[PDB]
Structure formats: C-alpha cells, structure tokens
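Only one structure is covered here, and it is reproduced in the block below.
What follows is calculated from the coordinates using simple rules that are stated; it is not laboratory data. When we count neighbours, we look across all protein chains shown, and the Cβ atoms used for this are built from the backbone with ideal geometry, even at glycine.
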Amino acid sequence: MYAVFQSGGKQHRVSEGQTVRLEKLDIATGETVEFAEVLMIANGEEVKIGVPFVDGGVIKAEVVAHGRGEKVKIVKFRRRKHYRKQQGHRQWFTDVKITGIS
Amino acid sequence: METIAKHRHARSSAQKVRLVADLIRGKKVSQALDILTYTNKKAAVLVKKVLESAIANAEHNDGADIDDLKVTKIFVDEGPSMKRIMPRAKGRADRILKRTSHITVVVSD
Amino acid sequence: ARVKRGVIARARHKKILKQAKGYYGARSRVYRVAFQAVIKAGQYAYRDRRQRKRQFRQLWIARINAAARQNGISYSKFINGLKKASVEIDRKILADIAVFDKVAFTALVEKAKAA
Amino acid sequence: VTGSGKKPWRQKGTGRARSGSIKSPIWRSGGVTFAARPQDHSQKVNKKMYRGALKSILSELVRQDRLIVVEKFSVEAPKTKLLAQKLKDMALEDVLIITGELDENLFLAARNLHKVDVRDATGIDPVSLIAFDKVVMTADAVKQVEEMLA
Amino acid sequence: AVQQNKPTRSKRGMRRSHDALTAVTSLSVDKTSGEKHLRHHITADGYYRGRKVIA
Amino acid sequence: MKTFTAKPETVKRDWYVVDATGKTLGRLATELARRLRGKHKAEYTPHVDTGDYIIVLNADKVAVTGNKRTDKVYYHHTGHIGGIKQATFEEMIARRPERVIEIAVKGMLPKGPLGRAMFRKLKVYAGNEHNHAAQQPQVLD
RNA sequence: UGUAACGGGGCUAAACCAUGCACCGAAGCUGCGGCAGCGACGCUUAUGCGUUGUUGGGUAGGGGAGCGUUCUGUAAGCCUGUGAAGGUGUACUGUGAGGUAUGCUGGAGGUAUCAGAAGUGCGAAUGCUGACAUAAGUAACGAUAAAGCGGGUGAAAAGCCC
RNA sequence: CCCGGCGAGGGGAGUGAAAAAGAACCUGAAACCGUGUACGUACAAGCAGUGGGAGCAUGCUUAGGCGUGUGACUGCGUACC
Ligand SMILES: [Mg+2]
Ligand SMILES: [Mg+2]
Ligand SMILES: [Mg+2]
Ligand SMILES: [Mg+2]
Ligand SMILES: [Mg+2]
Ligand SMILES: [Mg+2]
Ligand SMILES: [Mg+2]
Ligand SMILES: [Mg+2]
Ligand SMILES: [Mg+2]
Ligand SMILES: [Mg+2]
Ligand SMILES: [Mg+2]
Ligand SMILES: [Mg+2]
Ligand SMILES: [Mg+2]
Ligand SMILES: [Mg+2]
Ligand SMILES: [Mg+2]
Ligand SMILES: [Mg+2]
Ligand SMILES: [Mg+2]
Ligand SMILES: [Mg+2]
Ligand SMILES: [Mg+2]
Ligand SMILES: [Mg+2]
Ligand SMILES: [Mg+2]
Ligand SMILES: [Mg+2]
Ligand SMILES: [Mg+2]
Ligand SMILES: [Mg+2]
Ligand SMILES: [Mg+2]
Ligand SMILES: [Mg+2]
Ligand SMILES: [Mg+2]
Ligand SMILES: [Mg+2]
Ligand SMILES: [Mg+2]
Ligand SMILES: [Mg+2]
Ligand SMILES: [Mg+2]
Ligand SMILES: [Mg+2]
Ligand SMILES: [Mg+2]
Ligand SMILES: [Mg+2]
Ligand SMILES: [Mg+2]
Ligand SMILES: [Mg+2]
Ligand SMILES: [Mg+2]
Ligand SMILES: [Mg+2]
Ligand SMILES: [Mg+2]
Ligand SMILES: [Mg+2]
Ligand SMILES: [Mg+2]
Ligand SMILES: [Mg+2]
Ligand SMILES: [Mg+2]
Ligand SMILES: [Mg+2]
Ligand SMILES: [Mg+2]
Ligand SMILES: [Mg+2]
Ligand SMILES: [Mg+2]
Ligand SMILES: [Mg+2]
Ligand SMILES: [Mg+2]
Ligand SMILES: [Mg+2]
Ligand SMILES: [Mg+2]
Ligand SMILES: [Mg+2]
Ligand SMILES: [Mg+2]
Ligand SMILES: [Mg+2]
Ligand SMILES: [Mg+2]
Ligand SMILES: [Mg+2]
Ligand SMILES: [Mg+2]
Ligand SMILES: [Mg+2]
Ligand SMILES: [Mg+2]
Ligand SMILES: [Mg+2]
Ligand SMILES: [Mg+2]
Ligand SMILES: [Mg+2]
Ligand SMILES: [Mg+2]
Ligand SMILES: [Mg+2]
Ligand SMILES: [Mg+2]
Ligand SMILES: [Mg+2]
Ligand SMILES: [Mg+2]
Ligand SMILES: [Mg+2]
Ligand SMILES: [Mg+2]
Ligand SMILES: [Mg+2]
Ligand SMILES: [Mg+2]
Ligand SMILES: [Mg+2]
Ligand SMILES: [Mg+2]
Ligand SMILES: [Mg+2]
Ligand SMILES: [Mg+2]
Ligand SMILES: [Mg+2]
Ligand SMILES: [Mg+2]
Ligand SMILES: [Mg+2]
Ligand SMILES: [Mg+2]
Ligand SMILES: [Mg+2]
Ligand SMILES: [Mg+2]
Ligand SMILES: [Mg+2]
Ligand SMILES: [Mg+2]
Ligand SMILES: [Mg+2]
Ligand SMILES: [Mg+2]
Ligand SMILES: [Mg+2]
Ligand SMILES: [Mg+2]
Ligand SMILES: [Mg+2]
Ligand SMILES: [Mg+2]
Ligand SMILES: [Mg+2]
Ligand SMILES: [Mg+2]
Ligand SMILES: [Mg+2]
Ligand SMILES: [Mg+2]
Ligand SMILES: [Mg+2]
Ligand SMILES: [Mg+2]
Ligand SMILES: [Mg+2]
Ligand SMILES: [Mg+2]
Ligand SMILES: [Mg+2]
Ligand SMILES: [Mg+2]
Ligand SMILES: [Mg+2]
Ligand SMILES: [Mg+2]
Ligand SMILES: [Mg+2]
Ligand SMILES: [Mg+2]
Ligand SMILES: [Mg+2]
Ligand SMILES: [Mg+2]
Ligand SMILES: [Mg+2]
Ligand SMILES: [Mg+2]
Ligand SMILES: [Mg+2]
Ligand SMILES: [Mg+2]
Ligand SMILES: [Mg+2]
Ligand SMILES: [Mg+2]
Ligand SMILES: [Mg+2]
Ligand SMILES: [Mg+2]
Ligand SMILES: [Mg+2]
Ligand SMILES: [Mg+2]
Ligand SMILES: [Mg+2]
Ligand SMILES: [Mg+2]
Ligand SMILES: [Mg+2]
Ligand SMILES: [Mg+2]
C-alpha cells in the first residue's frame, strides 16, 4: 500500500490514509495537491525506478492545516569576548492527508 | 479527622528533633508513646509532650477512641534562630546561632 | 524620577530559572549558576541541530549497510548501483524500507545488481 | 551626606574590599552618585515660532469647527447657576471662553466650573486652545487676537 | 583544613544516612504487675521479675 | 517520520557457535565484535544491545601470524606502588587461553555500560565441549 | 609513579609503492520553505513589488531601528469589591527586548493612545546592607583542687537545699 | 473548656467580611530547610548539559492518538567574568 515521493526538497514514505507534515506549499487551507514526483510504490511487488519518478503514478492529497511549528530558540554565545545573541524561530508547515496512491 | 498539635519555637534545632521524629511515622499511638519513654534523648521528651497533647486534643474535641489512631504526618521545620556573640581568641567575635524548631504532629485514623 | 527596579529584575531571573527547570543542584535553583547552564544549553542546542542531521545519516547508512550485506552487497557498491540506475531515493527511506519491508528492499539490491 | 571622611578600615591587611568612606555611592545609606540639583527646565521659543504655532493651531479650529465665534457673551449677575444653564442652550460643556473685555461677573461665574475656563484674549495659550473641546471667542477677542498674532 | 568548595544537599544527606537512630522494639512485661519496661531493668513502680525490689 | 529504533523488549537475540581452531586472532575478534554489537542486523540501533550471543570454542588453538606468538606482550598494571605485570602470547595461552579472545574482543567493542553489556554475550571456551547445548546454538563461520 | 614513540584493539596485509573506478565525509555546494540588509528594476509612485542580483562570522569600535520600567500631559476620561496593584501557575503570541488572556493568592488601587522627562534595566567591582547555607551536629564547653552517698522540695535533681 | 509544670505552646468554642488578619499580627517573593505523591537511582567514571531514545506513571477525547513528569542506554560536550 505504501509509496514514496519527494516534496519539500526531501522525500516521504507514506501510506494511503495517514496524515503527513511537510514543508509549506503555495496552496489554500482546504484545496488539494497532486504529487507527480512519486519515487516508489509498494503492494505485492515493487513499482520502483523510472529514473527520478515512476511513469503514471500520482499521489493525490488534501491540505489539512497551515500552522507554525515549535519555537526553536537560537543562542550564539562567544565565551570571553563580550558577545551573545538571541533569536527565536517558528518554521511554517503544511499538514496533508493522502487520498490516492495510484 | 486529622487533629494537629504542634510545639512552636521549641528550643532545639530541627536536625536533632527530626532524628527522633523519624522513629514515629505511620505507627500506632500506643506503640509511639512507648518508644519516646525509652528513647534516651531531650527531643524525645519534646516530641512526646506534643503527641501526648495531640491524642487528648483529638479525643476531647473531635475524634475520640485512642485505639485506632496513627501518627500520619509528623514533621519538624526550622524556626527562628536567635543570634548570640561568642568571643574567640585574638579579639575576633563569632556569631553563635541558638536554633529553634516548629514540631508538628498529625494523629489520624 | 526614581525607578525602583525590584519588579522587573525578579521577572527576568524567574523567566530564566523556568528555563533551567529540571537541572541538578543549584543549576535549577540559583540564577547566577542557572543563567550559565541555560546559555550553555542554548549553545549545545544550536550545535546539536547540526549534529542531529549528521548522526541520523550515519544511523541510516549503518542500517542500509547492514541490510545490504544480508543480500550480499556492500553499501559502497549498492549506492553506486542505485546512482548508476539513476534512483533518487534517499538514505532515510532506504533505511526505513530496509527495516520494515525487506521483501520490498530485496528488489532495490537486485536493481543495483543490474547496474 | 552627613558622616566622617575617615576610612572605616585600613587599605590592606584586612580581608575586605578596600573602602575610603561611609558616604561612597556603592555603600548603603549615603552617596547617590549623580545627585540632582534644583534646575530650570524652561526652554526658549522664538517669537515667530510661538506666533506661528498659535496661528497654526487657531487656524485648525476653523476646520474642526471647535472655534465658536460669537457676539456679546456675558452672564447677567456673578453666578455659576446661570452660566451652567446658558451653555445648555449653546450646546457646550468643555470650553475655553475667550473674551476681550474680561468681566468679573463672567470670571467669578466660571471658577467653580471645571470644564469651563475664562481667559482674556491677551492671555491665550498654545496648550489651552488644543486641550479644550470647543473655544468660544468674542467678536472683540477675535479682533484683538487677530491684531496680536498678525 | 578547609573545604576547597562546598558540598551539596546530596553529600550532606549521604553522610547522614547512618545518623538515624534505631528504636527499642523489645519491651518486657512484668510477671505480677504487667508493666512495660526495658529488659534487665527495673520498672517505674519498682518491680523486677515478679518480685518487689524497692519502695 | 521519526525513524525506527529497536526496543530492548522486542529484540529477538540469536545464539551461535564459532570454532576458533586455526583462525587469525584479530580477524576473528573483529567479526565477533561486529556481531556482538549487532551491526549485521538491519534493525541496528547504537543505544540498544541488538547483537547475538556467540560461543567461541577452541580458543586455546587460535593462530597468529609473524613472530607474535612470542613477541606479542600483554601489559597490565596491578594498581600498586610499582607493579607493572607483563605476559607474552605463549605464556598467556599457557595459563589463561580465554583471556586472549576476551581481550582481543573487549578493545574492539565500545567502552561503557552497553559496551560491557554486549561483551557479556560472548562466551569463550578452551575445550571443544560447551555446556550451552540447551539454546541450540547453530554453527557460524 | 604505568604498557606509554600507530589514539586503542589488533594486522604478513588492515604495511609500502603504482594505477583504477567506488563510497564516506563539513554549518562547503545544490534542493524546498522563512526572515532581513543594500544596489538596480517595469518605472512604480509616494512605495508595495512582475521583481532583481546580492549579500547577511565578528573583539575594539562606528552607524541605524526598537522593548521595557517610575514619573508628567492627554485623564474629574477609561478599567476596577461582579475583585486593582503585587505574588504565583497555565495556555497562546512576536525575529528579540517582550506582549496578551486567564486559574489560585491578594484585598485597593491601576491606567489606553500619542507626546514629554529620566535616580531607566546588574552576575561579577576581595562591591555595600539584610537574610540564609556550607564545614557540622564537627571542634570546643575556660586550669588535672575530687568527688561519694542519703534525705528534702519539684513536672523533672550529677550541679539547688540539709 | 481540652493537653501541659495553678507553665511555653497548641486544639476546639466564640468575635469579625476574613484569625494561614491572633499581636513574632496588610501583601508575604527568593535563597535556605522540610512532609507526602509519580518515575529514576547500589558494575559505574569527568562543567552534569545537549540531539537521539525504550520503558514506566499520569491526563484528554476516541474505540485511535497526543500532552505532561520521569530519563535506562547512547553520539557530541573542559563553567562564567
Ligand atoms: Mg516559492
Ligand atoms: Mg522517612
Ligand atoms: Mg565563651
Ligand atoms: Mg574561647
Ligand atoms: Mg581581649
Ligand atoms: Mg516613586
Ligand atoms: Mg526531564
Ligand atoms: Mg522540558
Ligand atoms: Mg549552592
Ligand atoms: Mg525550586
Ligand atoms: Mg561549540
Ligand atoms: Mg550536512
Ligand atoms: Mg585626617
Ligand atoms: Mg588592598
Ligand atoms: Mg575574603
Ligand atoms: Mg547609593
Ligand atoms: Mg540610615
Ligand atoms: Mg542617603
Ligand atoms: Mg538642557
Ligand atoms: Mg476634557
Ligand atoms: Mg476655586
Ligand atoms: Mg504675517
Ligand atoms: Mg510685531
Ligand atoms: Mg577554588
Ligand atoms: Mg555520621
Ligand atoms: Mg617488585
Ligand atoms: Mg567513544
Ligand atoms: Mg542488561
Ligand atoms: Mg617501562
Ligand atoms: Mg605503543
Ligand atoms: Mg590508526
Ligand atoms: Mg587500507
Ligand atoms: Mg591509492
Ligand atoms: Mg552557506
Ligand atoms: Mg532560500
Ligand atoms: Mg548590473
Ligand atoms: Mg531572486
Ligand atoms: Mg554582523
Ligand atoms: Mg514607538
Ligand atoms: Mg507599555
Ligand atoms: Mg510604564
Ligand atoms: Mg500618568
Ligand atoms: Mg485638567
Ligand atoms: Mg478626582
Ligand atoms: Mg468618575
Ligand atoms: Mg459628576
Ligand atoms: Mg488635577
Ligand atoms: Mg491590564
Ligand atoms: Mg475574579
Ligand atoms: Mg480572585
Ligand atoms: Mg499582575
Ligand atoms: Mg507588541
Ligand atoms: Mg504594550
Ligand atoms: Mg482583561
Ligand atoms: Mg484580572
Ligand atoms: Mg486610595
Ligand atoms: Mg503605581
Ligand atoms: Mg503597571
Ligand atoms: Mg500615560
Ligand atoms: Mg482601553
Ligand atoms: Mg493596550
Ligand atoms: Mg486611540
Ligand atoms: Mg541605577
Ligand atoms: Mg542581584
Ligand atoms: Mg558583566
Ligand atoms: Mg529591613
Ligand atoms: Mg549527635
Ligand atoms: Mg571533619
Ligand atoms: Mg561526623
Ligand atoms: Mg572527630
Ligand atoms: Mg571533643
Ligand atoms: Mg569550666
Ligand atoms: Mg583548653
Ligand atoms: Mg587551679
Ligand atoms: Mg597536687
Ligand atoms: Mg518528694
Ligand atoms: Mg522554695
Ligand atoms: Mg509536688
Ligand atoms: Mg509547683
Ligand atoms: Mg511528686
Ligand atoms: Mg508526676
Ligand atoms: Mg544525688
Ligand atoms: Mg560537680
Ligand atoms: Mg485541664
Ligand atoms: Mg495537668
Ligand atoms: Mg512550677
Ligand atoms: Mg500565643
Ligand atoms: Mg496560653
Ligand atoms: Mg477557631
Ligand atoms: Mg462548650
Ligand atoms: Mg463545630
Ligand atoms: Mg461566627
Ligand atoms: Mg458571617
Ligand atoms: Mg483566607
Ligand atoms: Mg476573599
Ligand atoms: Mg482559626
Ligand atoms: Mg477561621
Ligand atoms: Mg484557608
Ligand atoms: Mg482556617
Ligand atoms: Mg488593608
Ligand atoms: Mg502576614
Ligand atoms: Mg510562602
Ligand atoms: Mg517561599
Ligand atoms: Mg516516595
Ligand atoms: Mg517506586
Ligand atoms: Mg525502582
Ligand atoms: Mg568486573
Ligand atoms: Mg545498575
Ligand atoms: Mg564518580
Ligand atoms: Mg564523557
Ligand atoms: Mg549527565
Ligand atoms: Mg536534556
Ligand atoms: Mg532532547
Ligand atoms: Mg522520542
Ligand atoms: Mg527526546
Ligand atoms: Mg503508560
Ligand atoms: Mg486514560
Ligand atoms: Mg555518552
Ligand atoms: Mg567527548
């Protein structure tokens, strides 16, 4: 059932049905997306290869949320040299629910 | 019922009284009153009088029955310390601290 | 205008002492000691975001090298075999497939065998 | 600060931080490093700038319609009760009643009223014309202020 | 002489683990009167092994 | 996705036998230390003891190349005033043949609780007979 | 002081020399987001950007833009016993100084916005004052002239009385 | 009233809006010292954290997943001025 695909400059081993958090897409809050960058599909045997992507495989998904992650503090501190820095960060994500491993 | 009784500003440090107060903990009042009769310490007399009070405290006011009574919570807290000077050799002065304790006893069932 | 500063300082100490919550001894209880630990925790936190990426790559590569040698191929020839077959699948997944679906994994090594 | 200039303890020898006086600001109960002195905070303004500012603010009241210009404005007898009642017909509350001929009758009648203030056309201010919600100017007062500001 | 730097709550505790004193848990009973006392010691009233010792 | 990590409870540890007769010490010890750690297994995790139980029988008969049967010394301090005790590879096998494989493996494993934990699994033996017949320890090479 | 002159185990190849494709390997480069500084840009317009290339380690130091505090004006206004400030938790939120809301405690003050003025922010100065630790229940209890027993009073007596 | 030495100190009752407002008396922080609950902790080496991470203990709604506390084991890691 599971299939592999590239999204936010990185790949995801995903199954049909489950939710997946991935990097922000330029998409509305409840539209839909079609990943034609499918690298692999598994069931009985394996529809692998295709050079970068398979052939006629498309991973269809639905956009769940458009939130920001945990606050990651960044503390750069040079000991002894009268210097320190403070910087928060919240990475944007897009949660997507898979609805078709063709 | 819980029925608290406590010696506040008891002239003895926590450390010493807490040594006795570990003997009695989750023990039957009748058994606990005996121990402190034959515990050879000043703090035994100090803690006993609080418990022996706490039991009557409990029997008169609230709960009654001496048989079913256990010392549930007994604890000592460091009270105020009164400062005193003690002169040492070669002119220097040393601040002695006369320490006090807040002995609390809780006799529940 | 005299500015008494008992309110603002306590809040600043209290903020940091909350970040040091969990540490052993005075490092949790005592601002002057905690503030160092909270900074060093930040220095290590900044560092280990870089090391997380290194360690996991090693961790996957070990799993792939383990799973490949079961099938008879060493990691070096496997990845070259995949790169010569122009397979874009990363270590993260190869290691995940290697653990979970070995019946699947076998075919990737058999594909690497061809090249 | 009251005290002696004598060193509480000698420079060296004693295992303590070198001290010179009881009065030093790093100590308790004496010092305050940069102690304030009774100082004059009043600052210069150029005649043309003060006139220009009055001309600027007094012109803006014509836009906002806070400047209620009138003919003769004067209470009958020295009484607040009449002044409070007569402003209800005029539909006012918080005002600066500017007048050329300053009546004692009108003045005495507007001390106890908080939101009313009665100032002479000569003694107009920048802050007051801005502060109050309307400004009632007498035809004589306009003529005086016109000549004053120029 | 003199500590180089202060010990902890833990160490201070670790040292005191043995300071805890034990109870008696071994009270006798006088044959005649039925009074509690220490073993081989006389009673409060003045008895020892069911016989009157001191008035 | 958070990657899989082996769970100490779920790990299914296997038993093996390795006849060390006529084997090269280091190249044996290396392959032993590889398995003991749990490297060969595809579910390898560095913080869990995934490796297998190994029985190394005929340890006394282990072979070494060059002049190391005489030349190779095993130094150890006694934790004393000036007690540095040495022993050659002949003299080591002469007294304690189990120590040779033990020491050769121990160094190759990691150092720490898990490192000591994954050594426990190794079961060296001088004689051909082993009393671990109950586990059905299959043959390994 | 201890092997102690490969980092160790260990090796006749896991050494050396020569070639050959592999792979690992950094915050280096590429990938996908997000932020900011400049310079150009169609020339927009009074600046958002179809953009657009580009940077963006940093001590002394120089130049920008901010947070917060007590106080004065807006304020005899606004929020407050249907619970202020302060104390103490929790959950959101901003790139940071921080900010918002609320549980308990508290029992009466607080203060938007935009301005103004500062005793305006502390971890260090063998800093100054108070509080509390540590060593530690450790040393010591002040002449080595010496106590012993009985009775008395007392809640209790080695020390008080006889 | 009750315990105690016709004590110190407490516990009830009673006043009061309130007595953890009871005179050591508004508020009651921190250091520091405790009592009880959850986990860890007696073959294990070092600025005591940090990334990874099993188990165990607790909450929520669902018939599956999270948060919080803990942190076995493990890569890196020599405080601040
Ligand atoms: Mg884009
Ligand atoms: Mg206990
Ligand atoms: Mg003395
Ligand atoms: Mg003396
Ligand atoms: Mg003298
Ligand atoms: Mg003030
Ligand atoms: Mg924790
Ligand atoms: Mg945490
Ligand atoms: Mg400390
Ligand atoms: Mg704390
Ligand atoms: Mg570093
Ligand atoms: Mg990298
Ligand atoms: Mg002089
Ligand atoms: Mg000096
Ligand atoms: Mg000193
Ligand atoms: Mg001063
Ligand atoms: Mg004074
Ligand atoms: Mg003064
Ligand atoms: Mg000036
Ligand atoms: Mg007004
Ligand atoms: Mg008046
Ligand atoms: Mg003119
Ligand atoms: Mg003129
Ligand atoms: Mg030191
Ligand atoms: Mg001891
Ligand atoms: Mg010798
Ligand atoms: Mg290591
Ligand atoms: Mg074990
Ligand atoms: Mg030597
Ligand atoms: Mg050597
Ligand atoms: Mg080497
Ligand atoms: Mg080589
Ligand atoms: Mg070469
Ligand atoms: Mg770069
Ligand atoms: Mg980018
Ligand atoms: Mg150009
Ligand atoms: Mg661009
Ligand atoms: Mg810079
Ligand atoms: Mg501003
Ligand atoms: Mg503000
Ligand atoms: Mg303010
Ligand atoms: Mg104000
Ligand atoms: Mg006013
Ligand atoms: Mg008023
Ligand atoms: Mg009012
Ligand atoms: Mg009114
Ligand atoms: Mg006023
Ligand atoms: Mg507010
Ligand atoms: Mg409320
Ligand atoms: Mg409230
Ligand atoms: Mg508040
Ligand atoms: Mg804000
Ligand atoms: Mg604000
Ligand atoms: Mg509100
Ligand atoms: Mg409120
Ligand atoms: Mg008032
Ligand atoms: Mg105020
Ligand atoms: Mg305020
Ligand atoms: Mg204001
Ligand atoms: Mg408001
Ligand atoms: Mg506001
Ligand atoms: Mg506004
Ligand atoms: Mg200051
Ligand atoms: Mg301070
Ligand atoms: Mg400093
Ligand atoms: Mg004071
Ligand atoms: Mg003692
Ligand atoms: Mg000692
Ligand atoms: Mg001792
Ligand atoms: Mg001693
Ligand atoms: Mg002594
Ligand atoms: Mg004496
Ligand atoms: Mg002496
Ligand atoms: Mg003498
Ligand atoms: Mg003599
Ligand atoms: Mg008598
Ligand atoms: Mg008498
Ligand atoms: Mg009597
Ligand atoms: Mg009497
Ligand atoms: Mg009597
Ligand atoms: Mg009696
Ligand atoms: Mg006597
Ligand atoms: Mg005597
Ligand atoms: Mg009585
Ligand atoms: Mg009595
Ligand atoms: Mg008496
Ligand atoms: Mg009292
Ligand atoms: Mg009394
Ligand atoms: Mg009461
Ligand atoms: Mg009654
Ligand atoms: Mg009642
Ligand atoms: Mg009442
Ligand atoms: Mg009432
Ligand atoms: Mg209350
Ligand atoms: Mg209330
Ligand atoms: Mg009460
Ligand atoms: Mg009450
Ligand atoms: Mg209460
Ligand atoms: Mg109460
Ligand atoms: Mg009050
Ligand atoms: Mg109070
Ligand atoms: Mg408190
Ligand atoms: Mg407190
Ligand atoms: Mg417990
Ligand atoms: Mg337990
Ligand atoms: Mg346990
Ligand atoms: Mg051992
Ligand atoms: Mg253990
Ligand atoms: Mg140790
Ligand atoms: Mg270490
Ligand atoms: Mg640690
Ligand atoms: Mg941590
Ligand atoms: Mg972590
Ligand atoms: Mg985890
Ligand atoms: Mg974690
Ligand atoms: Mg559980
Ligand atoms: Mg549940
Ligand atoms: Mg480690
Ligand atoms: Mg290290």
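Under 17 Å between alpha carbons, and skipping anything fewer than 8 positions from B:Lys41 in its own chain: which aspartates and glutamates qualify?
B:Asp22, B:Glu52, E:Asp19
Report, by chain and number, residues whose modeled amide H sits under 5 Å from the one on B:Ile74, excluding near sequence neighbours (fewer than 5 apart, same chain).
B:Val106
So how strong a dipole does chain C carry about its Cα centre when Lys and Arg Cβ are +1 and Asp and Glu Cβ are -1, to the nearest 20 debye? Please list the in-between numbers first.
Details: 30 positive and 6 negative charges, 290 e Å.
Dipole size: approximately 1400 debye.
Suppose we look only past 15 Å in the calculated P(r) of segment B:15-66. What percent of the Cα-Cα pairs does that tail hold? Present the calculation step by step, with values, prior to reporting the outcome.
On the way: 586 of 1326 pairs.
Tail of P(r) above 15 Å: 44 percent of Cα pairs.
Expressed as a whole number of Å, what is the distance separating the alpha-carbon centroids of chain E and segment F:92-141?
A separation of 54 Å, based on Cα centres.
Taking neighbour counts of Cβ atoms within 10 Å as a proxy for exposure, in what order, fewest first, do F:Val100, F:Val11, D:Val45, B:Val47 appear?
Numbers: F:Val100 22, F:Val11 15, D:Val45 11, B:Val47 30.
Fewest to most other Cβ atoms nearby, the residues stand as D:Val45, F:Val11, F:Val100, B:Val47.
May I ask for the net charge around F:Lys72, where only other residues with Cβ less than 12 Å from the Cβ of F:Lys72 are counted and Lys, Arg are +1 while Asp, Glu are -1?
Working: positive: F:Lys68, F:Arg69; negative: F:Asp71, F:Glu90, F:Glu91.
Net local charge, F:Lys72 excluded: -1.
With θ set to phi - 60°, apply the Karplus curve 6.51 cos²θ - 1.76 cosθ + 1.60 along segment B:45-57 and write out the HN-Hα couplings as whole Hz, x wherever there is a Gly or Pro.
Result, rounded to whole Hz: 5, 5, 6, 4, 3, 6, 5, 3, 5, 3, 5, 5, 2.
With charges only on Cβ, +1 for K and R and -1 for D and E, what is the dipole size of chain F about its Cα centre, in debye, rounded to 20?
On the way: 25 positive and 15 negative charges, 95 e Å.
In debye, rounded to 20, chain F gives about 460.
Sort largest first and round to whole Å: the equivalent ellipsoid semi-axes of chain D, each the square root of five times a Cα gyration tensor eigenvalue. Don't skip to the answer; put the middle values down first.
Values: eigenvalues 680, 81, 35 Å².
Largest first, chain D gives 58, 20, 13 Å.
If you bin the C-alpha pair distances of the protein assembly as shown every 10 Å from 0, what whole percents do you get?
2, 8, 9, 10, 10, 12, 14, 13, 10, 5, 4, 2, 1, 0
Can you give the longest run of chain D that contains no GluC sites (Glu not before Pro) sitting in a DSSP loop with at most 16 other Cβ atoms inside 10 Å? Numbers along the way, then the final one.
Values: sites that count: D:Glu71, D:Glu76, D:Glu93, D:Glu101.
So the longest stretch without any such site is D:1-70.
Measuring from centroid to centroid over Cα atoms, what is the spacing of segment D:1-73 and segment A:76-96 in Å?
40 Å
Under 5 Å between amide hydrogens, which residues at least 5 positions from D:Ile68 or on another chain qualify, with H placed 1.01 Å from N in the peptide plane?
Amide H to amide H, under 5 Å and 5 or more residues apart or across chains, D:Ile68 pairs with D:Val135, D:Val136, D:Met137.
If you wrap segment F:1-137's Cα atoms in a convex hull and average its projection over all directions, what's the area in nm²?
Seen from a random direction, the Cα hull of segment F:1-137 projects 10.7 nm² on average.
Under 5 Å between amide hydrogens, which residues at least 5 positions from A:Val54 or on another chain qualify, with H placed 1.01 Å from N in the peptide plane?
A:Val38
Using only the alpha carbons of chain C, what is the convex hull's orientation-averaged projected area in square nanometres?
Working: hull surface 48.3 nm².
Its average projected convex-hull area is 12.1 nm².
Kindly provide the helix-only [θ] at 222 nm of the protein assembly as shown, computed as the sum of -39,500 (n - 2.57) over DSSP H runs of four or more divided by all residues, to the nearest 500 deg cm²/dmol? Intermediate values should be presented prior to the final figure.
On the way: 20 runs with 224 residues, N = 672.
After summing the helix terms and dividing by the residues of the protein assembly as shown, the value is -10000 deg cm²/dmol.
Where the centroid of each part is defined by its Cα atoms, how far is segment B:11-25 from segment F:20-46 in Å?
Computed from Cα coordinates, the inter-centre distance equals 59 Å.
Where the only charges are on Cβ atoms (+1 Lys, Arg; -1 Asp, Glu), what is the dipole of chain B about its Cα centre, to the nearest 20 debye? It would help to have the intermediate numbers written out before the result.
On the way: 22 positive and 13 negative charges, 292 e Å.
Around 1400 debye, computed over chain B.
Provide the per-residue ³J(HN,Hα) series for segment F:27-35, in order, calculated from phi with Karplus coefficients 6.51, -1.76, 1.60 and θ = phi - 60°, each as a whole number of Hz, with x at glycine and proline positions.
So the J values, rounded to whole Hz, are 6, 5, 3, 5, 5, 4, 4, 5, 6.
So what are the three principal axis dimensions of chain E from its Cα atoms, in whole Å, longest to shortest?
Computed over chain E, the largest-to-smallest principal extents equal 62, 21, 13 Å.
Mind listing the phi-derived Karplus ³J(HN,Hα) values for segment C:27-39, rounded to whole Hz, using 6.51, -1.76 and 1.60 with θ = phi - 60°, and x for any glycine or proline?
4, 8, 8, 10, 2, 4, 8, 4, 3, 5, 4, 5, 5
Give the Rg (one decimal place) followed by the Dmax (whole number) of chain A, computed from C-alpha coordinates and expressed in Å.
18.6, 63
With the Cα gyration tensor of chain B in hand, convert its eigenvalues to equivalent ellipsoid semi-axes via √(5λ) and list them largest first in whole Å.
Working: eigenvalues 229, 36, 17 Å².
Listed largest to smallest, the semi-axes of chain B are 34, 13, 9 Å.
Which of the GluC sites (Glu not before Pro) found in segment F:1-83 are loop residues per DSSP with 14 or fewer other Cβ atoms within 10 Å of their Cβ?
Numbers: sites: F:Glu9, F:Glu31, F:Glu43; in loops: F:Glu9, F:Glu43.
Sparse-neighbourhood loop GluC sites (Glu not before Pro): F:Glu9.
In chain B, if the dipole is taken from +1 on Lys/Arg beta carbons and -1 on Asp/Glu beta carbons about the Cα centre, which of B:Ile66, B:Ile24, B:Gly91 is farthest to the positive end?
It is B:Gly91, whose Cα lies furthest towards the positive end.
Net charge near A:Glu37: determine it from the other residues with C-beta under 15 Å of the C-beta of A:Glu37, scoring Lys and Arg +1 and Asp and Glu -1.
Local charge sum for A:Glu37: -1.
Between the DSSP loop rule and a limit of at most 16 other Cβ atoms within 10 Å, which trypsin sites (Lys or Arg not before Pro) in segment D:69-150 are left? Each step should come with its number before you reach the end.
Numbers: sites: D:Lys72, D:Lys79, D:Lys81, D:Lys86, D:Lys88, D:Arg111, D:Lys115, D:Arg119, D:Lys134, D:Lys143; in loops: D:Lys72, D:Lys79, D:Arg111, D:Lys115.
Loop-located and lightly packed - D:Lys72, D:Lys79, D:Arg111, D:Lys115.
Restricting things to alpha carbons, find the Rg to Rh ratio for segment C:5-50 using the Kirkwood radius for Rh. Before the final figure, lay out the partial values.
Working: Rg = 11.7 Å, Rh = 11.1 Å.
Reported Rg/Rh (Cα atoms, Kirkwood Rh): 1.05.
For each pair in A:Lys76/C:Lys14; F:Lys61/F:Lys123; F:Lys12/F:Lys41, compute the distance between the two Cα atoms and list the pairs where it is over 18 Å.
On the way: A:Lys76/C:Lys14 22 Å; F:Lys61/F:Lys123 16 Å; F:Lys12/F:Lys41 11 Å.
Violating the 18 Å limit, Cα to Cα: A:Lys76/C:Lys14.
What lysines does D:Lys79 reach when the alpha-carbon gap must be under 26 Å and sequence neighbours fewer than 8 apart in one chain are set aside?
D:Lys88, D:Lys115, D:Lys134
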